[PDB]
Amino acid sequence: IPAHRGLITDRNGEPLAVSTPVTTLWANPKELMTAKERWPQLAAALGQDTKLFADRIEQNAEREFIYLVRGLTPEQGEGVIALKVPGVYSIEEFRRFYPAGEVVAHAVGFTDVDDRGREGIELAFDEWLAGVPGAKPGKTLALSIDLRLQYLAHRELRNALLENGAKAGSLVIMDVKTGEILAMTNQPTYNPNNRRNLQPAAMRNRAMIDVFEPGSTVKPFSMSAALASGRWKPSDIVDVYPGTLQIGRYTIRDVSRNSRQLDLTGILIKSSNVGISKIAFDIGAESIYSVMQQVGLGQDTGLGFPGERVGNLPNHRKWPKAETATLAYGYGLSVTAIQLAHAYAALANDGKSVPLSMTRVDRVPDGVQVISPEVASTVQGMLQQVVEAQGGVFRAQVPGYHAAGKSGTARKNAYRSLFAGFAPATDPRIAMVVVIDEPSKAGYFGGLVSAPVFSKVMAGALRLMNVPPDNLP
């Protein structure tokens, strides 16, 4: 006797996964064998072919139990029952219905033929949701996801993917104060109510299971290590001329090569690999690795989603010069979009990392101070200048608010366009990561492709959360 599976809701109680009654029909072939004249009407009502159905019953004539069909609607099930065929019996089972469909398909996940979790929350909280067959019903679960922010993020990421002719994308929104995942969307997506088709690529929760090189989006962590060392201040200068730096057989290169002296904010604005590498040589890679490890890059999230990827943060006992530079500019590191969002949330939350949660958090757990508050506050200010200053990532500006962030562009020529940031700068509330895989139009830089999505989504999410606009006199 299958048990009723627990309702999944969003954080405000909107239904996301609902157990729906279905009819399963079984037969005692010993009794069905006494009513062969009824078989063709029964075959037609079950959908099945006349002769194939007849062959099936004859083959199981000595059995006392066989399944005829599973998961009919309790309309077609009543239609088979109205035939009054001897030996035909019914069992009430459950099939999930997902009211928001493709919009939250990767996060909510789905169930297999036996109504057991196969992907996402359905799989991760299967014990909680499943209950026990007879029969004790499963328990309700409220997610951290806010369906209003989810609809917005879904729409904007889909629109950006079409405008850039991209292969795939992910967008995660986090509450920096509580560790809650407020939205998590990917493209391509699928309709979890359509149990035919089922494209494995479209079902991938990319924000959690796909690893990527974060590139320039890790530079704020390298800078946090520089400021915490006691050796660097934002007004310090680094000479990046002539825009390249030879380290043995390896050549570090900047995209814009018309700089000489840059201050630390300028290094982030211009996204100078040479500048961040020179700072890394001075402070040592051990300090940078420790910040990136502590914010969770390439570390287990603790979420318990089977198949979730940990990625990799390279480590050494003695760091060679090339690896010191590449670590500092995010080359050769492998992270997930959830990890990158969580790292930006700790930075935004004055350096305190609050544990990640996919469920609504009522009592917030204690956070861990990973970056000193003063250092996190200084880096936040630099990231606000990255968005607001002359020559900055102007497309990440959020009209009405002070926003902060960092763009990234990774050469996989195929590219991945990134933007990670938070808002409002006066008292950060939300961190967001936008990852667009293989944009195919003229623009591929993170500040061109991903920054406008951050702006559109952040503009709506702050307003949906009634956050007061902070760009005031």
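C-alpha atoms forming the largest set that superposes within 1.5 Å between two forms make up the rigid core. Note that residue numbering follows the sequence shown and begins at 1.
Take 6-14 and 19-27, fit the other structures onto the shown form by the rigid core, and average the C-alpha distances in 9 other deposited structures of this protein: the farther stretch is 19-27. After superposition on the rigid core, the larger root-mean-square Cα deviation in 9 other deposited structures of this protein belongs to 252-260, not to the other of 339-347 and 252-260. Count the deposited residues lacking coordinates between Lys36 and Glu37 and you get none at all. Counting the unmodelled positions of the deposited sequence between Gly134 and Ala135 gives a long gap of 10 or more residues. For the segment pair 198-206 and 185-193, the entry gives 198-206 the higher mean B-factor, averaged over Cα atoms.
Looking at mean Cα B-factors across 242-250 and 211-219, the upper value is held by 242-250. Out of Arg56, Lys406, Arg416, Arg429, it is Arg56 whose C-alpha atom has the highest B-factor in the PDB entry. Residue set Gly109, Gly330, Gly138, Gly179: peak C-alpha B-factor at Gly138 (per PDB entry). When the CA B factors of the chain's modelled residues are split into thirds, the value for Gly400 lands in the highest one. Among the modelled residues of its chain, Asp300 has a C-alpha B-factor that falls in the middle third, as given in the PDB entry.
The entry lists a Cα temperature factor for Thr73 that places it in the highest third of the chain's modelled residues.
Compared with the other modelled residues of the chain, the Cα B-factor recorded for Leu143 ranks in the lowest third. In the deposited entry, the Cα temperature factor of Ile288 places it in the lowest third of its chain's modelled residues.
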